[PDB]
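Enquirer: Just dropping this structure here.
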Amino acid sequence: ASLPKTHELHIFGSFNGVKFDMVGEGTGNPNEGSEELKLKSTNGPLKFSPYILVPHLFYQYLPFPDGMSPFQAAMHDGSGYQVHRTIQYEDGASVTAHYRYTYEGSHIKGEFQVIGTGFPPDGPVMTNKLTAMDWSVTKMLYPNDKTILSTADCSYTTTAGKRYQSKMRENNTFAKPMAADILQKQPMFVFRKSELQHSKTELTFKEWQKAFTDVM
Amino acid sequence: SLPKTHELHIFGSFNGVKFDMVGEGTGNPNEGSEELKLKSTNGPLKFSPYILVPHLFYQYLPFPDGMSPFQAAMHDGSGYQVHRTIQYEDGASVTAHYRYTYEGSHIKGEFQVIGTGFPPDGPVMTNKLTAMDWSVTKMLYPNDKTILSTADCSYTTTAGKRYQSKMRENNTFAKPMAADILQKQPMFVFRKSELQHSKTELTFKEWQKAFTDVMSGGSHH
Amino acid sequence: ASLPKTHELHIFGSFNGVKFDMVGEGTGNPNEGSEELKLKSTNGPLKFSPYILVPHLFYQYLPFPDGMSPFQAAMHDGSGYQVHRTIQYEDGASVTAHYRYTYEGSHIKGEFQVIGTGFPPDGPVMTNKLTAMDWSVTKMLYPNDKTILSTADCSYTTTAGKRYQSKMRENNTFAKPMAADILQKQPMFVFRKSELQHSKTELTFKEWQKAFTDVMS
Amino acid sequence: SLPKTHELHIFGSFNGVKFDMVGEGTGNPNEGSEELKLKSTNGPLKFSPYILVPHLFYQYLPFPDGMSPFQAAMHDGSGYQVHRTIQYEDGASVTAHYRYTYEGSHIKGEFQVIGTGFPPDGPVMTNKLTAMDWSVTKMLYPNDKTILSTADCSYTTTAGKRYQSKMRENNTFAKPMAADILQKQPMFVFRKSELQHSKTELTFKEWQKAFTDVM
């Protein structure tokens with residue numbers, strides 16, 4: 001029974017029908033909601049903006065303001081959760097994703113499937129015009145004691161100085177009920193910052209996340 | 001000047017039935033707080049008064065480092081307009097248009113609010129809404145005269161189930177926003193609201209706070 | 001107690017916070033769902049693509065396969081309906097509209113408020129690059145006996161060859177319940193074709209509409 | 001070749017719980033008709049079988065003047081992939097990915113379907129759906145290898161209230177679509193479906209008709 005210290009990821013799928021596959025590993029601090037990840041392609045250069053991957057690059061590192069997050073609680077007792085995520089982009093592209101995890105003590109192993117379609121060949125993803133993912137606020141609600149619905153209006157900056165917007169929605173489905181200290185505090189917001197460096201084949205990702213019910 | 005007092009005429013219809021109210025209130029533009037009391041001019045409201053909350057004054061919202069663009073546009077008299085849509089989970093929709101005139105530190109609002117498709121057995125027409133959940137709005141500036149604001153909103157209900165909606169608006173400015181405002185995006189706003197009501201009268205309070213970050217600088221120690 | 005033959009329109013509102021106002025008159029045929037309208041601006045050149053007005057340019061002209069549409073039925077008995085429409089455009093613009101009607105025999109008077117915002121100044125609406133409204137299919141459902149919910153995915157062709165897409169949603173709210181034989185046939189689809197010619201100050205509009213529950217029978 | 005027969009392996013999960021079905025069918029690619037029989041490989045389904053309807057073969061769809069792009073992509077073997085999202089009014093969502101391979105006039109489908117957020121007391125998890133309403137899909141071709149299709153879908157339910165969803169998908173082709181396809185936009189498709197189910201199998205039929213016009 002542990003909170004995480006290290007993780008590894010196998011992420012795979014396709015963009016516009018062309019497969020991709022990466023593997024890597026990282027660390028984080030589950031008291032602080034910080035994480036680091038290094039990935040490498042197993043199949044040559046990426047054929048799309050690496051910034052498209054940012055949401056897909058570990059809420060087990062997210063504490064809540066007064067104790068473990070439900071994500072942490074489900075790792076700590078092994079019962080776990082699954083993530084089912086949809087992203088609709090303003091130019092008509094769509095991404096669906098499914099995150100599965102296994103745990104070995106303080107080590108997480110993720111297997112993530114990400115499928116993207118409808119990215120215009122001349123758009124900012126396929127022509128590498130994204131420059132950074134804006135800071136975000138996610139809203140979480142708990143429609144039942146095993147399900148979190150999370151929503152965020154997301155945006156990237158681009159080289160043309162126009163933002164590239166999307167709507168992100170997801171269910172987090174838990175094998176066991178969430179705790180009562182969790183379920184009674186709604187809505188729960190989470191502020192996130194991300195940083196990405198990249199080459200054609202390798203990515204270096206960091207995330208900082210903080211849960212909040214109030215800013216006043 | 002910055003505002004101290006305001007009044008509102010809010011009118012339109014819900015499910016094709018007209019409504020009309022007039023109200024007066026006050027606010028603190030340094031702190032993002034406001035209060036408003038209204039009375040119906042046409043008898044008891046036939047829908048949950050909670051449905052009116054977002055429609056019951058960003059001139060009271062300061063920004064983190066100075067006047068909000070809303071405040072600046074009142075201060076120089078150029079002004080802005082609000083065009084908002086709300087789509088509810090049970091298929092209802094509300095559209096709203098907010099116009100303002102100013103007389104020194106006094107705001108006068110004229111708001112048209114039109115709602116349709118509220119199920120006769122749903123929580124709006126059966127008065128099951130109990131409170132508006134605290135919210136975070138995201139703002140972006142697609143061009144120098146236009147703010148796009150989005151929020152995922154929810155009410156608690158007597159059934160213990162939330163009643164969710166998607167709120168979207170454009171704020172259209174007659175003159176460009178200041179360059180220093182446009183340079184910091186996204187801007188978020190956290191809001192809290194309280195409503196007391198009868199069939200014909202209501203008391204509204206709101207607290208709003210703009211923020212770009214919730215994390216510490218990290219240079220303590 | 002009549003079905004329509006003639007109509008007039010006052011349409012007004014704003015686009016990107018700038019007012020507009022138009023008036024005109026037309027005719028149509030309630031047997032076949034055809035209509036024609038001519039409009040003129042009362043305040044000089046329109047500052048936006050006149051194609052953006054198309055959906056706002058008369059379902060009283062729409063018959064149903066075997067009898068009156070609910071729209072026809074509500075004009076015929078004077079009880080009436082109101083329209084509340086939202087249109088969300090792919091580039092983040094939004095239009096809301098409210099249609100109200102009064103009737104004098106076979107003549108309809110429309111007063112339409114249309115408010116649009118968030119059109120990018122460099123986009124196809126504000127730079128007049130829309131070239132045609134694609135033919136459309138609207139889906140109608142009747143969630144209660146006085147309310148129609150209609151939805152359509154709409155698109156314009158543009159001078160750049162890429163389509164300019166939107167999502168159109170409306171409620172039509174009736175003073176009296178719709179007839180049982182209307183309510184029993186759902187969903188009800190409507191196929192529409194439109195044609196527009198325009199200048200900076202004037203336009204001529206035509207629509208053809210046809211209701212259908214099936215294309216296989 | 002145009003298809004005569006098909007088989008399906010459909011798998012994934014609903015509210016975190018795995019399902020897996022296999023089955024086979026036939027169809028008429030000149031008329032746009034198909035039928036399929038399916039069985040669970042691991043026990044009775046824990047959700048309304050009607051939720052599977054969209055996931056239960058556009059190779060059987062002709063176009064008004066010739067092959068659909070789907071048919072043409074089978075005929076030359078180059079193929080297409082489907083990536084579909086469905087957002088339901090009560091907050092549930094389904095994502096799906098369909099892959100196909102071929103031998104002669106036979107199609108083999110491999111479909112991954114993942115559904116989450118279905119309320120435990122809702123019409124899917126308590127089996128209150130009664131039928132899929134007839135639908136109209138709008139198709140556009142943003143580029144010569146990509147179809148975007150949209151539909152506003154609804155089921156009837158035991159109590160009369162429709163259960164509504166928004167269906168969106170991309171169909172991604174390995175080779176350009178034919179220029180005579182690409183010229184006719186939008187292309188609409190009317191569909192009808194029929195589902196019967198036991199505890200031991202389901203039987204599915206679909207009829208589909210492409211049109212540019214009804215007038």
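Ordering of the structure tokens sets the chain letters (A, B, ...); residue numbers start at 1 within each chain; ligands are numbered from 1 in the order shown.
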List every residue of segment 37-66 of chain C that DSSP, applied to the backbone of this structure, assigns to helix (DSSP H, G or I), and report them as an NGL selection string.
Expert: :C and (50-56 or 59-61)
Enquirer: Please, which residues of chain B lie no more than 8 Å from chain A when the count uses only C-alpha atoms, and can they be set out as JSON, numbers by chain?
Expert: {"B": [133, 134, 136, 138, 142, 150, 152, 161, 162, 186, 190, 209, 213, 214, 215]}
Enquirer: With a cut-off of 8 Å and counting only C-alpha atoms, select all residues of chain D in contact with chain C and give the selection as number ranges by chain.
Expert: D: 133-134, 136, 138, 142, 150, 152, 161-162, 186, 190, 209, 213-215
Enquirer: Please provide as number ranges by chain all residues within 6 Å of residue 166 of chain C, with the sequence filter that same-chain residues fewer than 6 positions apart are discarded (counting only C-alpha atoms).
Expert: C: 88-90, 154
Enquirer: Provide the atom CA of residue 28 of chain A to atom CA of residue 85 of chain A distance in Å, to one decimal place.
Expert: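 So the two atoms, atom CA of residue 28 of chain A and atom CA of residue 85 of chain A, lie 22.4 Å apart.
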Enquirer: Compute the set of chain B residues within 7 Å of chain C, using only C-alpha atoms, and express it as a ChimeraX atom specification.
Expert: /B:15-16,95,116-117,146,170,172
Enquirer: Running DSSP on the backbone, which parts of segment 51-102 of chain D land in strand (DSSP E), as a list in words?
Expert: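 Assigned to strand (DSSP E), within segment 51-102 of chain D: residues 62, 63, 66, 67, 80, 81, 82, 83, 84, 85, 86, 87, 88, 93, 94, 95, 96, 97, 98, 99, 100, 101 and 102 of chain D.
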Enquirer: Just to confirm, what's the straight-line distance from atom CA of residue 206 of chain B to atom CA of residue 25 of chain B in Å (one decimal)?
Expert: 11.5 Å
Enquirer: Counting only C-alpha atoms, figure out which residue out of B:205, B:184, B:97, B:106 gets nearest to residue 171 of chain B.
Expert: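 Of B:205, B:184, B:97, B:106, the one nearest residue 171 of chain B is B:97, counting only C-alpha atoms.
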Enquirer: Would you give me, as an MDAnalysis selection string, the residues of chain A that come within 10 Å of chain C, using only C-alpha atoms?
Expert: chainID A and resid 89:92 165
Enquirer: Do you know which residues are at most 12 Å from residue 65 of chain D counting only C-alpha atoms, after dropping those on the same chain fewer than 4 positions away, and could you put them as a count of residues only?
Expert: 9
Enquirer: Give me the residues within 9 Å of residue 177 of chain D as a list in words, counting only C-alpha atoms and dropping any in the same chain fewer than 4 places off.
Expert: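 The neighbour list is residues 69, 72, 73, 144, 145, 146, 173, 181 and 182 of chain D.
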Enquirer: What does the distance from atom CA of residue 124 of chain B to atom CA of residue 100 of chain B come to in Å, to one decimal?
Expert: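 Distance reported for this atom pair: 27.6 Å.
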Enquirer: Distance table requested - chain D against chain B, cut-off 10 Å, only C-alpha atoms: one row per qualifying residue with the closest atom pair and its distance in Å to one decimal, ordered by chain and rising residue number, as a Markdown table.
Expert:
```
| residue | atom | partner | partner_atom | distance |
| --- | --- | --- | --- | --- |
| D:88 | CA | B:89 | CA | 9.8 |
| D:89 | CA | B:89 | CA | 6.4 |
| D:90 | CA | B:89 | CA | 7.1 |
| D:91 | CA | B:89 | CA | 8.2 |
| D:164 | CA | B:91 | CA | 9.6 |
```
